[PDB]
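Below: one structure, written as structure tokens.
Going in written order, the chains are labelled A, B, C, D and E, and every chain counts its residues from 1.
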């Protein structure tokens, strides 16, 4: 049945040709809360609304500042590899964070000391490659699909440094001299980058491990986020990974949040930096509060990127029947938040009472323990 | 049936939760043309993906640079008034262009010489209010729904100058002194802006006309675009309105394009400025060609804003069953384009032949007459 | 008696209408030193020349980059609370530093671990709230007046995040769900921010202290600057507070300087960052030396903000009859300066002699001990 | 013999490895005039110091803001075509100005009204293609070498819009539909841009001329600069071409200056805009005077680009044995200059005398007639 | 013999007046590698192409962002002092790094604690003065010539803070008061900066050392780079100095590289920051690879500054008969690089094989030990 932008006696029927399907996806936007007010930048964008780069062995599509101007510090790729397919050995200026949503893959990485690290990554695992270190991904028997996050919003999947593209653009004489071979011995180097290519499934991880004169890396570039004990509350759970626990992960701080139906990520903000969001599954609404009485509510579902500017107040409410599952990303060495609840709970009852024009009956429910996700009892 | 991002042996099935509805709306994006390549900014955005401001008597929602960063020079509002509802008397820095999609409305405007202009606007009509001149809209018995375009992408519907908001923020003594009345005589001024408000239907246009010491305005601020004889070709028609014919319309140049099914707005570019697009009805695809072999294809349908950076090559192909109807907007005193066809048609056969590695059989079909929209005979 | 901009045979009488009162306040500007030269940005601005925001229970006025463009990194509020008046619970992006000039007040603050800190602040005390942590001020029986400094010059007192303003702009359903109460139980929440409001005087500090599951904060957010032993010299004293001693105070470094009549803050610069100044009492002049022989002298008195760009040479001379008292603020984790005197004192006599075309009689007076404020013996 | 940076008792011998060849080319830079002073941006750059793009049939190298940051408004290409070689049909955002130094070539251009213009260009001729209009160059039996100037310093020869590159990046179906042919009929379109390619010499100009439904262009896009009577003075001559005489040339104003040995382009400035310079032959020095007593002298010879910021005082002195020949380019609809000489000549003798502390003997030589190039009698 | 920009059947003879001398210096630019492609910023600039500031006792010339826009973070001075000549006591915002190419000199520096450090510096030695600390240089009996690097590309040698220039622009009364002398006692202070001046040779270093109330500096501001054991490979050696070994050197990381004829600095990049280069002696070529298949080759020799943007792939090949010697500078607390060779050497043979379409015969030569400079055996 057709929704209309009408709230009480405000609003009216749409009379011109419209996108009913999207109107349906965005109820709190066709009909915002009465408490919404003023202008805020766009805080939502769908991967389905982006050009998809198709290759032999997979695909990559991106959400960058070119799509979502508010996110100047952070950009993202949704990438897919078919079984055995290789995302070509490459590097880039930006540091890279990743979450494996579907399947598994082997990654390689070499650090600035000539040490290589090679690991398999399963669903619910992260990896993090520091700025400038060369790496690669190769999916296993199930193939693989994942989210990449880069710590610069100007990033583009099409302007990364590929191994073969470097070679093809280096004088043969110089390549030959570099390795001490003849020109002929390298006559067959690719004349073009590969980016993503089909390849036979890799062997066992153990058969791949390369030891060297310089020894093991100090710290691993992969982390089993879902093997961690989550912060658990009534309405759901939160799995945090930042530099304090996922050691190499210096420029990216993360939390995977799961929200039961009827639950919600509570009212809070972040006193460190901006929040970048990706929605893995479910349906949500968020109101971002930007001060000076400016406030706007966005709807999100699977494949949607979201965003909360530094310190803006928000909440994430599950408005669907299925679990709501999303990521919280920050460009920072740690996760941090202030809970509205915990905050007031830690101040004198009467002081809070004087602020809210409410009484004991309200301050009584305040809780000093933090519960990031609560249920609608 | 479910679409997948697969083209020949490139691409793969989506394995993670997805937005199938949007995937369906964007076929040429889930599966771009093989000839697409490289990165281009986002050139498409839907009004359905924006917060809608609901008032008593209508609504307004906007697409600004905050949503579509590529469009720094141009922004847009989709506004709706219920019958008799008034968009409050107001002004702003930006010049304003408008197209009446549904219904009709009376507008008023006063110029820098103290001359007022008052007209009724029907479907297919435009108006254009020069930077800084105060105006208002009032819908008639059918109500009204229209598109507004402003010649600065930083524009926001929420930061316009409203009559009552000015007064409420002016010292009463000063207001009283200004008009030579007492404070009491204006005690009842609104304490708040109205923005949009319900009101009884207006009388006849003739009963409203105000004459003054300074006489008629030199030129009208409304234009009957659809009363013009269109440039007509096989596949459809083009109705142009720019400063050369719609005289006051100095900073905005416009064309309403209608494209029969199986037809297409031909291959061309614009040698003056950027193109801002709004899609009134139908389904389309456009490829924007950005040089250095960069090219990207976007899908559009009703409620969608589009965009082509200065001189980028494009075409607009109807890929639907119904007529395709859209606006072309420029920040310029005239419309202008170069037709690929007409271009080659006006050069030596053999010269063109030498360029395209084709022969007479191709140059023979070239046409020196411009046909902006052609059919698939 | 009327001052004129005449120096020897340079300058002339003012012949047009003028501001004699200001001319009097700015002697070294109507008549600069002969050694002044070239253009420098404006380095002085008076709080008396700003719009004052008046509320029930106090006032706030600000000096931001909008008033003093040279100060891009730092901005300031002069705030006043009547006895018992509360500056509403709030937070903001910027970190906040403070100096209590008159009276006293209770502050509260909660950190990112859900720990609250509550303290009373008297004259000559500082507080420092890290970016993003929620806080509040409540004046005691004497009321309170203080200076706030924020580590971004784009700061505005009117765009802070207020508790009640957040709530009023959050859907009631969501608020209710957040705390697990009914809509009715919060029906009486303020429909508007309070910002500053009248309230009964608070109880004892001890009765207010809130303990919690997470324990005491590691470090206090208040510092008794005047209880410290000052660096004392002949002409006056300097009380420094930076991250090395006021531990939480990571982004702001400070010094309160007192200068007897006939004394002066010596010739120096700062090799770390810019200097932001506030003048609490007295009359001063400063010459800022900007290299390339550019130099300009400014006059300052109570209520005046001043400023010295990174590494520019300066001095602060008391030119009044009463003590001169001012603050030195830096956006940095430590205070640091180079004394011209100490500098030359630590180099070979003859080397210095060769530089200044002076002799032993001059190098003899140089001192290796730093004396930040000297007297005119 | 080896030059050293020594002037009187200032300076010293170079003691580290050096570029003697360049030192020789830059005498007034190794050893500037005593009257030089302070910092000025770099005002000189050599085409020999740029990467040269080599193609089949010629080459192109550029000087852009990426090489010469002071020139933000203007950039340049030095292009070379072998006999019959075609610079591929193309267009771009920037307007283009040109001077034929060696040989000749046929150009084509189509305007926004579908009118084509086709002309042959010889040595000493200019052309000017307005922003966005498609064009091409084809050298004749002698081949051709010329200078291109573009009215944006961000221009790059590698990011122009090529005909074939557009087609190769347009869906075949869409191309086919555009022209009403089959896919097969265009199967043989180039899969890649050509940029510059070898081709047989063109026929007579008359055999190439294409008439059309829309008639002759209003004005020609080529101008015989050297067929004009030059402003002639003792030391040389000046050939000006701007919008007042070369009608289409709206955004570019030009002058070809020839300076006999012992002569010099007199002391002057330009009260409209910046000056961009190219040196065709000879050796010169220029001092640019930037006010605040800042002044710097540059040496120039064949292949060198130069530059004078808006209104900066300068002169161009021939310091070689051969004629000095260079271009003066402006981004403006007209050429204009103020002659120092003419200026003083038009003011009261005694007034000028009072300024320069000279007497009648000096004012007597002043001349009211402008002589842009004077000789050292 | 005359070089021409011809490669196989690409390119053509230059037909217009040209700079053959530079053409000769830039072989890989007149005739780039076939593998070069696309646009890159300018990465090369010669000190011989700059205005030289001549003083009594030496000279200074600079390469700043005003000459080389790509280098926004880093600028450089080539300075020369005659025996006993003093670069006047001064300070500046920027931190300063230095390499002594010819001769020796005494430097002085005072830190923020009033501690002075005084040392003699010989060929192959570095010094590093932290932002804002006052210093000076005085050459010994041989005179001195060195390279200075400053950690801001906007730096200008003409806008430094000089001791005497400060004094001359400070009111005499204030100077007198500062030191507690009379105006007369300082009547003879220079009325102008000195910048560089002639002076008698200094005594022994030991006679100059100044002790003070505050003791020795924690760490020395000079470092004997060439006394270190170099990383030595077949083709040459690398001497690294960064914050890990040259302790005070916090914002600048450095390496002196020497390359035998027939050798080359291997294929690598830097995963931390940009590379700024200075060429001390020899002839080289470098190709910088900028991704998206963009690549450009530059020629360098003595007196040339070079540059590699963050993470761009490069190599430095000696193309001369004499040793090639150059500096690598970074704005960072450590040196770091990734070797292409070492990188592939640390990954599974077959994985690498699958990337390069080569076989065992190639992976066999890969080496896990890093060899920064290799020879053409």
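The criterion applied here is as follows: a contact is a pair of C-beta atoms (placed from the backbone, for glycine too) under 8 Å apart; a residue touches a chain by one contact, two chains touch by 3 or more.
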{"item": "Chains touching both chain C and chain E, listed by label", "value": "A"}
{"item": "Relative to chain C, chain with the most remote C-alpha centre", "value": "D"}
{"item": "Reference interface C-E: repeating pair among A-B, B-D or D-E with over half of contacts shared", "value": "B-D"}
{"item": "Whole-Å gap between the CA centroids of chain B and chain C", "value": "50"}
{"item": "Length of the line joining the C-alpha centres of chain A and chain C, rounded to whole Å", "value": "40"}
{"item": "Inter-chain centre distance, chain A versus chain B - centres from mean C-alpha coordinates, in Å", "value": "34"}
{"item": "Two or more partner chains touched - positions in chain E", "value": "36, 38, 158-159, 292, 297"}
{"item": "Chain pairs that touch, as defined at the top of this document", "value": "A-B, A-C, A-E, B-D, C-E, D-E"}
{"item": "Chain B residues within the chain D interface of the complex", "value": "33-37, 264, 266-267, 269-272, 287, 289, 291-295, 297, 310-313, 315, 317, 336-343, 345-348, 351, 354-358, 361-362, 365-366, 368-370, 374, 376-377"}
{"item": "Chain E-facing residues of chain A, complex", "value": "86, 88-89, 91-93, 108, 110, 112, 114-116, 118, 130-134, 136, 138, 158-172, 174-175, 177-181, 185-186, 188-190, 193-194, 199, 202, 208, 210, 212-214"}
{"item": "Footprint of chain D on chain E - complex, ascending", "value": "5-7, 9-12, 14-19, 21-23, 25-26, 29-32, 36, 38-42, 44, 46-59, 65-67, 69-70, 78, 80-82, 101-103, 143, 145, 156-159, 280-281, 296-298, 301-304"}
